[PDB]
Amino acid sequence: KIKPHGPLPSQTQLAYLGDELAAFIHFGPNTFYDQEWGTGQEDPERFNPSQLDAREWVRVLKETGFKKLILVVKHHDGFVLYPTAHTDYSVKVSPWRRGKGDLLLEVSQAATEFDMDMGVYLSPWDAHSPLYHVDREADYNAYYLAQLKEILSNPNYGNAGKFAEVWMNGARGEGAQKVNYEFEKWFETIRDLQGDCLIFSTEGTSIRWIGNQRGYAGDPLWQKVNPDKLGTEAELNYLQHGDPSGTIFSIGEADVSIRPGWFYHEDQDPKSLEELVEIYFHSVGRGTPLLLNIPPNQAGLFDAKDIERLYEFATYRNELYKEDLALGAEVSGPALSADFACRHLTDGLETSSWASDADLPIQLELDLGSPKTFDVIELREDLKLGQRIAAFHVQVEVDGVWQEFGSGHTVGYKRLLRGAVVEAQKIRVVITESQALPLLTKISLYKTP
């Protein structure tokens, strides 16, 4: 029994890491006003999608491999997209669904049908609320809290009444009131109603921002931080790389829009497959989830181009992973014991892993038995026992010379590392720095389609 190392992830954290792909939905007055930020002066009469179909949103997301859907139900403009008891600035005063509309309900019903996990984004900064003022901040905090209770206590909201993530955006306009939030109170309520539900915030919660909206996790990416170095003034590079000395397990979620903007704009186009693939390799392929925003249009529908792109992106990933070229390769090198043997890295069993207490560098060598053509290696740690590896490199034997394939810092939950396409039978993975005796659960090899 190897001892754990460092801060360990919760079950809900590991489940997210396992799921890899989440979808964001920004939709609201901003969609009708052709803007990215609203003022709270938007006319609810203009919130009037011609033919909204949340079931179609959920179906396409499910079919294209997304495992969670995070819905904006109140952006910075403050317009609430479910019939809240706590402000009149909501869908209640919109003509949509002859005034009886509830977008949270509509998305929740569809998500429940498709077993799509649910997140909810409720903007802390509220440009509409007359309570959003330093002189009224206790009242604003009670407003926000009361809405968390409305959202998170209702069996008709979420995936069968369950929410997997709450999103508290850190953004605030320069001229806005400097309201301070009752974070701990909010977190307690979230726990009371939804247990270990993940929380994205500027504070020391289970999810942090990766520090850009480009889909780029750093290398290294430590999925752990010290809460004392977070808050609204957290350094972006700290978010992006995490902390080798972090004290809490923290997922650096990589959010990015399929378009330039978060809301739908007719004049904008979605990213290319090539662009999404790069993002994929620098987010999921660096051990963190990708949260990809798809904005519905003024009809309440996903854009046709955007839909095509999600299917092409899904096809790409299915083809990448179709064959693990490393399965059954003979693996040699040091190993702690038979229970942690090298052959565990390519045996195709999720239940078996490798470890070694040998002095670094530790060299694992795979012999594929015959020459194969590949351009991706996948490594995974056992984060139930903590993140450990700080540096590694990969080589391939070509005409009797061990040439470089690639190098990196961290592995984490899952690390994809691309190299130039090669035909080779023998590969070395060399671990050169680690915070504790290294473990890997798998080595895989693929060819990009």
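One rule holds for the numbers: they count along the sequence shown, beginning at 1.
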With respect to the recorded C-alpha B factors, which stretch has the higher mean value, 142 to 150 or 347 to 355? 347 to 355
So which stretch wins on mean C-alpha B-factor, 417 to 425 or 63 to 71? 417 to 425
Looking only at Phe183, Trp222, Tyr321, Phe79, the Cα with the top B-factor belongs to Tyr321
Among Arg286, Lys229, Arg208, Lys100, single out the one with the highest C-alpha B factor in the record, please. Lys100
Once the chain's modelled residues are ordered by C-alpha B factor and cut into thirds, is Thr12 in the lowest, middle or highest one? middle
Within this chain's modelled residues, let me know which third the CA B factor of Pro29 belongs to: lowest, middle or highest. middle
Binned into thirds over the chain's modelled residues, the C-alpha B-factor of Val411 lands in the lowest
In terms of the CA temperature factor given in the entry, to which third of its chain does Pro260 belong: lowest, middle or highest? middle
Modelled-residue ranking by C-alpha temperature factor, third containing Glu381: lowest
